[PDB]
Structures are given as structure tokens and as C-alpha cells.
A.B. asks: 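Okay, here's the structure, questions in a sec.
Values below: all heavy atoms of this structure, side chains included; hydrogens, waters and symmetry mates excluded. Proteins get letters first, then strands, A, B, ... in listed order; numbering begins at 1 in each.
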Amino acid sequence: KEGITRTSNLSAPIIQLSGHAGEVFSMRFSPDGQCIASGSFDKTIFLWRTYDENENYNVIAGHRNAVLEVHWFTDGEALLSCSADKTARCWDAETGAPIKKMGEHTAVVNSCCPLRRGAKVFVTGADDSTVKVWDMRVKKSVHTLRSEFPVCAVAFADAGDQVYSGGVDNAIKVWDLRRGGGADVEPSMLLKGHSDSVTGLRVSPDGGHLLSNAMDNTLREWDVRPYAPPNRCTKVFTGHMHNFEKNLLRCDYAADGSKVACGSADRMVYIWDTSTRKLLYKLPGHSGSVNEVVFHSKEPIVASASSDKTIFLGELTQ
Amino acid sequence: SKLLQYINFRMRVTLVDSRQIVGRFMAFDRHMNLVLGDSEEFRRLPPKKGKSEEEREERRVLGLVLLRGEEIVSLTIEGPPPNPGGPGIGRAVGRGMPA
Amino acid sequence: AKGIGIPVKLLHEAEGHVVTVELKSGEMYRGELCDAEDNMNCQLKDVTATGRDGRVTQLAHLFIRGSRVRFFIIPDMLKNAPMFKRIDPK
Amino acid sequence: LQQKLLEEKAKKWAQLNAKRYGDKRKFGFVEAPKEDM
Amino acid sequence: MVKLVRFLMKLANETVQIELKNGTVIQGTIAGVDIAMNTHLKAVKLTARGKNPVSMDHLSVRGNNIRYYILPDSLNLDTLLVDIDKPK
RNA sequence: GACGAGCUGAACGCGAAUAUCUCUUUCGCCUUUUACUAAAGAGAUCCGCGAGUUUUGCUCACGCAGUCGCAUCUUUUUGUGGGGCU
RNA sequence: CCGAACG
Ligand SMILES: [Mg+2]
Ligand SMILES: [Mg+2]
């Protein structure tokens, strides 16, 4: 009955992931697309399989406060967790052991992004208005830039030399780390056009486009190509929501650059078609503000995480 | 000692009479005694012109041997050593709708 | 005992077996070691002597000074000594 | 903006990320057992 | 406690040469010397009597068959010469 | 190559203390039922109890620190050297 | 051994 074109191998087209005991603040799909890293407010990371049971086969603990942001490392076996307990942590996924815990920040480490081409290096931007760059094998932080306003969202560019940081200061900045080996570098690019804070930053699958979610209830698409018009602003999306919760609401690109998914505070999973700049999917089902949405590496699968201690995991039909 | 880094690692030995012993490392004594597993004696015969130095060094197979340091002069490496489910569930559920 | 390294207790637990003895002079000695010293002086019985010239001789007993001896050849059977296994990574 | 608002906006975000992730507020927190009267 | 093996065990990471009792030549870096004068060398090349050199990533040499050491010309001897009278 | 008292949580487990109950039977009180007796069994409950990190509440406390990446006479690290024959 | 209720 109803036989509507099963896309994925998942048992069902809509799967809810439960087992957390707090808000789920950020999630991430394995590069090989058969793992889930879910970081909750309960300062814990659930590791789920994407197929055949959706088994949370490991719960990694070790943060003393909410694990606000999780990415995987480029090979998928090491995990980068960032928290409110001022401590970013590198873990081994298969094992259940923590590898390297760096806690150099003074306040909540809101945002992080690990570099996708090059060395094992990740940026982390926290409440101290400082965006710091962290190389894996040294135990000191390799870079430290100081804005004046608490850093909400940070990303490392496709190519690996600049860092994007956006926060409460109404303008997102692009900085050059090789241009800066000093302790008070000044910003390279000032993307303006959001009318208040930025909450989430995603680097496009080609690297020319940066996605910014703003509590300006606006998704904005900028181009980072060093040869741009005077206004790097390309696209605007309307539809999602930000409320008094001021949660860390993020961005994502479909693995093809064809869709863009935002987490919203109206409990809705929003998925726009980037081209027509209009709303493809408006999926309900979450009882709390939708914190981050992640598109599965291979298939059109979208998985969302909410402040309702669950994660919906399903495929898109049209 | 750092030759604790070297137990199970295959090694070659020189004697004072310049006879060669190749085996794998088992246990070592303070007196530079050694325990060689799978040991064989390579004794250098004089090089008779027209043949490679590498192709006719007399190999005898000694088996398991133990080495007294007094005539132990030099040791080198020969080769390598020879050869939580968590409280999560996933269940299928439709997404609820407000109307 | 305390102070003593492993391989000489290897030599001791080799007791009651037939082993081979190479000394620094180059001749070979195959026989049943009765018991040995801290100083590697050992007593074998049922002694086969292999001289420098291939000479094969029959000796009833042998007492070998250790600082005369170059190495020992011992059955890999006894390479299962508890030291060997215990130290082993597995 | 121009620190004529960004001062209090940044400070409010600071104090709210403080309050939201406090030790009285965090997950495993247990409240202290009752004291004697 | 003699003076000189007291001096020799501080030759760690010294890139030095060695002459053997029978006439073999060895140039390599001292990773360790111990109370028996036995040395383990790194970054080594050993050249036997009348033989071609062969390089070794690492090498072990017995303290007793050592003929002698050739130390660096760049040696602060009087640095390593203090403390030899000090019992620890 | 290295550091706890008190409470509630742990989730696993019954030194010497033992009471009650239920059930299936027999026995004895014996008019009946409770309430009982004493045997056989099968089942519960109570009152308590031990260790793992969870920390809440110290009112204790710390880092050139106790430890770091066997020392010259016949038996061991002060070797018996030198030559030369197939 | 040993006492209470009810009928
Ligand atoms: Mg009646
Ligand atoms: Mg009546």
C-alpha cells in the first residue's frame, strides 16, 4: 500500500532517534554515511548506525557540560566535540576513548569546524570573542584571533587558509590565518547584510559559497570567491524562525549543493531548493526548536536534531 | 635497557671470530647473554674470486641458542618481528502534524 | 633468584635434557646436562664431541667451564619457559 | 552596534550563555539533601 | 664508581666514531651507554676490516670489545667533566 | 614511572543477626471461622548490609616531588696478543 | 501446655 518510491535502505522513510536525555544541539553524519554523531545537552555523544538497526552502539562521555557542536574528522574514525564546559575534545570513534582534550578557551566553546583538506586542524570560536585555530599534533593552539564580541559560528574554508566567524556583532568576518601570525590581526572580509546575530555557518561543497543562518530569521548566501562583486551577498531565504531560545541554529548544504536545510525554532525542519530560493520541504514532527539538520553524504536523506531530545532520520520524496 | 625495545625483534650477531648468528630475540641478561629463537650460523668463507660475497656464506641451522656476552661484540637489527551498546533506540514513527 | 637474569634459569630448567654446547674453540658437545652453575659451568652426560676437524668422539661425562663456552643449543620444547610466555605480548 | 548597543547586546548574550549552562543548571545536577530543622 | 664510564653514559645523542678490538670502524650517534660501557648507537654506518661500509638505522656494541671512542671536536668537555666527582 | 570523609543516587550481590506472612499438605487444639500448635515442602516480605564513579555538600589537601625518555685479581664489563699452512 | 473475638 501507498508504495511511494523508497529512496534509501532505511527500514522506514521517517526514523526518530531517541535515547538522549537532553537537548540535542548538533549532529553529524560520518563521511562514509553509516554513522551518526549526536551531541546532546546532557554532555554526551551518541553514536548511531544509519542502517539496519539504528543502534546507538556507543555513548561517549567526558564533557562536563552540553556538547554544543560535533563534526567528524575527514576519515570518520576521529571525532571533534565542542562544548559549554570550555573544552573541545578529540575522540576515537570505534574505541570509546578520548584522544586529545584542549581547553584553552575561557568561556563556552560554541562553534567548531574541522578542516576537510590538509592536516588534522579545526577552528573553534567561543564566547571570549576569540576564534582559535587548533592543529592536532601540537598541544598548544596554533592560532588565536580576537574579535570583540562572543563568537557564535565558525567554519574552515574548503581550501584551508581562511576562517569564517560570525556572531552577535551584526557582521560575519573572514580572516586569513597565514596573513596573521600576530595576536591582533584585523579582519579581511566583512560580509554585512544580516540584521542581527549569526548562528550557523556551512561551507559549500565547491567552497565558493558560505551559508549563514541568522536570528535575523534569514538565511543568507554569500560568495567567498576572492573576485566577487562589491556585495558578496547572493541569496536570501525566508521561512524559518528564531525565538527567545537563541539556540545554536545551524546551516547545511545537501551533499550536492541542490538543497539547503536549516534548523528553526518553530520546530520545523526547513529544506529550500537553493536555485529558486524557495521551500521544498517543511517537515513537522519535532517538539523542540530544531538545532541542526544534516544531509546524508550519499543519499538525499535528511536527519534533524531538536531541543526535544530526539533526532528524526528520514528520506525526501518528490 | 633499550634492548627491551628489542625482544621479539629479529637480530644479527657478530662473534669475535667473526662468525654470524641470525635469530629472533627472547630474553637478555645483564652479562649480555641473549636468547636467540630460530638461530642460524652464517660463517664467512674466504671470497674465491669470480663469485659474489653474498651468495656462498656457509649457513648452518643452530635452532634455539643462547649467547654469552664475553664473545658478543656487535648486534644489529635484521628485520621486523616475524608474524558497548548505549541507551539508544530507533523506532519508526510518523511525523505529527498541527492543523 | 633475586639478582639473577632469565637465561641462566632457562639453562637450569633445561636440566635433564640433551643439549648442544659450542665453546669459543669451535668444537661441539652434545649431551644430557646434569646441572649448571651461575658461572655457566655445566655437567653433561652421554657426550658427543665434535672436534674442529670433524672428529666424533664418545665421552661418558663432561664438565664444561662456562667462560670457555660460546653458546648453547636448547630444545624449542623448553622455549616454552614461563619467562618466554609471560613476557610475550599476547 | 558601535558599542552604543553592541555592548549590551553582547553582554546579554554573554550572561544568557552563562545562565543556560550553569552548574545549578547542568544535567547531572542533584539538589543538596535536606538539612535539619 | 669510575670517572670515565660516568663520563661516557652522558654521551647520549652524541654523533661519534668507535674503533673495535679487531679493527672495525663505526660512525654513528650514541643513543645510550650504560655502566658496562655497552653502547646502542643510532644513525650508524659500520665498516668491517677490509670491508665495504654498510649503514644501520641502529646498532648495538659490547662495552668490552670496544677499542675506543672518537668524540666530537665540538665537545664542551669541561661541561660534562663537572659532576663526575658527584655521587648521586 | 603518583593522593577521601558524609548523603542521595549506582547497577550488580547475601562474615552474623531473624522476625513475619502466603500457598500445598499432614498433625494437634476442636462446635464453626478467625486466632493458634508442630511437621513436611513450596513461596514471599520485612529490617538491614559490600564494592566499584555520580557527584551534590569538605569543613582537608598538595607538585625540582617520593620515581624520570650491580662500577678494577683464577667464573663473567677490563677478553692472549702475533704469524701462518689448505 | 498456657488466650482473645464471633457465632
Ligand atoms: Mg454460621
Ligand atoms: Mg446467628
Side-chain angles (χ1 to χ4, degrees), chain A residues 21 42-44 59 61-65 85, chain B residues 1-5 14-18 28-34 45-48 66-75 84-87, chain C residues 1-5 7-8 11 23-25 36-43 52-54 63-72, chain D residues 22-36, chain E residues 1-13 18 20-23 29-40 42 49 60-69 84-88:
Chain A
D42 86 327
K43 56 227 166 54
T44 296
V59 255
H63 295 223
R64 304 164 259 259
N65 229 22
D85 59 55
Chain B
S1 81
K2 312 227 271 300
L3 47 149
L4 281 145
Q5 202 199 317
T14 328
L15 311 189
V16 292
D17 64 348
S18 294
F28 74 108
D29 221 326
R30 155 240 309 180
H31 286 281
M32 258 153 297
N33 256 302
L34 299 184
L45 258 50
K48 310 255 209 322
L66 70 102
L67 305 192
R68 179 184 193 92
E70 297 192 329
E71 286 211 324
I72 291 261
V73 51
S74 297
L75 322 165
Chain C
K2 287 337 285 203
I4 297 163
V8 284
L11 154 82
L23 92 169
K24 310 146 166 94
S25 186
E37 269 272 12
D38 201 319
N39 65 70
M40 204 207 274
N41 286 25
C42 49
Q43 178 140 172
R52 309 159 233 99
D53 31 26
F63 176 89
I64 333 191
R65 168 196 186 102
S67 80
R68 281 286 161 213
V69 164
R70 183 51 219 123
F71 32 86
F72 278 71
Chain D
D23 211 326
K24 288 215 205 337
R25 235 86 196 191
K26 46 182 294 206
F27 176 62
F29 177 53
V30 66
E31 206 236 344
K34 285 184 178 172
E35 309 294 12
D36 273 8
Chain E
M1 291 147 138
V2 276
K3 306 227 155 273
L4 205 43
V5 203
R6 232 290 200 164
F7 174 72
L8 287 184
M9 300 163 62
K10 205 48 204 93
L11 302 195
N13 307 355
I18 306 96
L20 216 66
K21 249 285 163 275
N22 59 37
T29 308
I30 303 197
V33 182
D34 293 71
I35 57 186
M37 306 200 27
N38 335 327
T39 302
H40 193 334
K42 71 190 142 304
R49 170 94 249 131
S60 322
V61 55
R62 162 149 224 257
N64 119 282
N65 308 253
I66 279 150
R67 184 107 229 173
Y68 60 64
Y69 294 50
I84 295 307
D85 256 298
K86 169 210 132 280
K88 174 257 142 169

A.B. asks: Would you call F:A19 syn or anti, using the 90° rule around 0?
C.D. replies: anti

A.B. asks: Watson-Crick or G-U wobble partner for F:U75, using a 3.5 Å limit on both distances?
C.D. replies: none

A.B. asks: Taking F:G52 as the reference, what is the distance to F:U18 when you measure between their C1' atoms (whole Å, please)?
C.D. replies: 29 Å

A.B. asks: Going only by the six-membered rings, do F:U55 and F:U56 fall inside 5.5 Å on centre distance and below 30 degrees on plane angle?
C.D. replies: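 Result for this step: unstacked.
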
A.B. asks: Please say whether more than 12 non-hydrogen atoms of neighbouring residues, nucleotides or ligands are located less than 6.0 Å from NZ in D:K24.
C.D. replies: no

A.B. asks: Does F:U80 sit syn or anti, given that only angles within 90° of 0 count as syn?
C.D. replies: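 What F:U80 shows is a syn base, its glycosidic angle lying within 90° of 0.
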
A.B. asks: Across all strands, who's sitting opposite F:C23 as a Watson-Crick or G-U wobble pair, both distances under 3.5 Å?
C.D. replies: F:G41

A.B. asks: Confirm or reject stacking between F:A42 and F:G43, applying the criteria of under 5.5 Å between six-membered ring centres and under 30° between their planes.
C.D. replies: yes

A.B. asks: What's the CG-P distance between C:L23 and F:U75, to the nearest Å?
C.D. replies: 15 Å

A.B. asks: First locate atom CD1 of E:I84, then atom NZ of E:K10, and finally report the distance between them rounded to the nearest 0.5 Å.
C.D. replies: 10.5 Å

A.B. asks: Specify whether both conditions hold for F:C60 and F:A61: six-membered ring centres separated by under 5.5 Å, and ring planes at an angle under 30°.
C.D. replies: yes

A.B. asks: Taking syn as a glycosidic torsion within 90° of 0 and anything else as anti, which one is F:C14?
C.D. replies: syn

A.B. asks: Where does F:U37 fall, syn or anti, if syn means a chi angle no more than 90° from 0?
C.D. replies: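 You should classify F:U37 as anti.
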
A.B. asks: According to the definition of ring centres under 5.5 angstrom and planes under 30 degrees, are F:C23 and F:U24 stacked?
C.D. replies: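 Result for this step: stacked.
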
A.B. asks: If the P atom of F:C64 is compared with that of F:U54, how far apart are they to the nearest Å?
C.D. replies: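 Result for the P pair: 29 Å, nearest Å.
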
A.B. asks: For C:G66, is there any backbone N or O sitting under 3.5 Å from a side-chain donor or acceptor partner on C:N41?
C.D. replies: yes

A.B. asks: Looking at C:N41 and F:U75, is any side-chain donor or acceptor paired with a base atom of the opposite kind under 3.5 Å?
C.D. replies: yes

A.B. asks: Does the structure show a Watson-Crick or G-U wobble partner for G:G3, both distances under 3.5 Å? Name it, or say none.
C.D. replies: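 WC or wobble partner does not exist here.
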
A.B. asks: Tell me whether the bases of F:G63 and F:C62 count as stacked, where stacked means ring centres under 5.5 Å and an interplanar angle below 30 degrees.
C.D. replies: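 Judged by ring centres under 5.5 Å and planes under 30°, these neighbouring bases do not count as stacked.
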
